[PDB]
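Here you get one chain, nothing else, as structure tokens; it is the form deposited in one PDB entry.
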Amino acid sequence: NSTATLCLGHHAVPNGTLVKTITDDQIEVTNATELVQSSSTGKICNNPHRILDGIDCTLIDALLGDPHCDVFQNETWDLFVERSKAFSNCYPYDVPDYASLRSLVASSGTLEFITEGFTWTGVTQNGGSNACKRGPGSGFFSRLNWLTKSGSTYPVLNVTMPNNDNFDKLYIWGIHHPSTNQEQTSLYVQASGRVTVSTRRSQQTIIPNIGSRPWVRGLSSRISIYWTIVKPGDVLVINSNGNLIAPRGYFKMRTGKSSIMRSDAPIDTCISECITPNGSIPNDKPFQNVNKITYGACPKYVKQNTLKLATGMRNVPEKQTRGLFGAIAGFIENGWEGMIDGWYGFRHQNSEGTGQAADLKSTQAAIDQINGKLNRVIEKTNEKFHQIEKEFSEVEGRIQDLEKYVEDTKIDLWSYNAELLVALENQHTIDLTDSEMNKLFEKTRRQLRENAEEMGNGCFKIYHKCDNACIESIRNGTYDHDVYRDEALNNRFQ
């Protein structure tokens, strides 16, 4: 024989995954990764963020100093975890703007308490109740001072405390709401109380409300909790004529990365940066689908459960529809399921035999750009610490509707971003792999000047006698057309 066949092609596999592109909803690739984390271990990892498990304590009971919460004094945290089995076992109380105080104390990240010398004059301190039993005796919140009439008098109280330090000081105080007109007089000589608490720049005044409420732990009376922040250089004044739950000291305040989360997952020993209420998740993927609530370095929440990024080429599973020869057939036809060493490669039919090989230059380069794509996409800063509430237990009206509207707007815009990026990138991936294929072909055609012709099967009918060494030279990039030119021209045109 006086002629040779040389064909080009790309690897195929037996089993493929389907991806979403621009034009079409399904297409079959050789390999594809997942970009959405769907699963959790179900436990909270204790490194590298410092976790503080509240057990039967809320953060507002720990601060006030409820008796079953005395483990928590001078504690610090990055994340505080509240449990759904938590309860209260002291005087019954309410906090106007509860939500604001809870958010302020959680971002501070400490319960550091400094006792101060306050001089209450002409009154009896350390009032108590059997709604709050610390041991067999009656008790009260550890950080507040119930004041009551001494003898037959409650004098107008007037005290001042100045900030001369270089940090901010948070004072918690309150007021008692008695259930009758006969209890008010019994505790405080007057008939109507008043509590005024002021700085140089602000003031608040509260009056007490009298009347009957549902029984909780044997009482139809309640306490109302308030707060004031005093800056460096400013003064505090307190001026009450009755019903004052006085402060005992101040709390230090920091700006940092601390927050709070309501969860029911157990705590465990392991290392994880992202925490959700369903336990810790890994942060290798760019998106997540576990929970919209998060803490620390985390993937973005989206609505989808699956987004597949193509890491391979298109998969034309082979025509075992073949000839007697299974005449070597190239890329224009189908893929090659018998190639393992590399993606792009050459099959040669010669007098010597049939053969096969792979190509490093091309296979390397494709792999390079696809790996690039992967790196821009998979990994980046989304490191976030304190945020709005995204779950509610009551109906409130206006503010809560705006908080729900803000969160849904964010989710639909990030979900649209995630859908388009995958479709764009998947199209570009198919295109770059197919151009790479056609680049090897033109390189081959350019080397075989007039000593070869194209058939249109993906194949080059060479009109001279090519041996294994000659095929190897073409494959190599050293084929010297001049040597066989005269023979090939006389063979092809005559």
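Residues that one form lacks are left out of the comparison. C-alpha atoms forming the largest set that superposes within 1.5 Å between two forms make up the rigid core. Residue numbers here begin at 1 and follow the sequence given.
Keep in mind that the form deposited in another entry is not shown, yet the notes after this line are about it.
Among the candidates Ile114, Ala327, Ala365, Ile378, the CA atom that moves 2 angstroms or more between the shown form and the other one after core superposition belongs to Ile378 alone. Compared with the form shown here, the Cα atoms of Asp412 and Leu374 move at least 3 Å closer together in the other entry. Taking only residues common to both forms and fitting on the rigid core, the CA shifts of 2 Å or more between the shown form and the other one cluster into runs of 3 or more residues at 321 to 323, 374 to 379.
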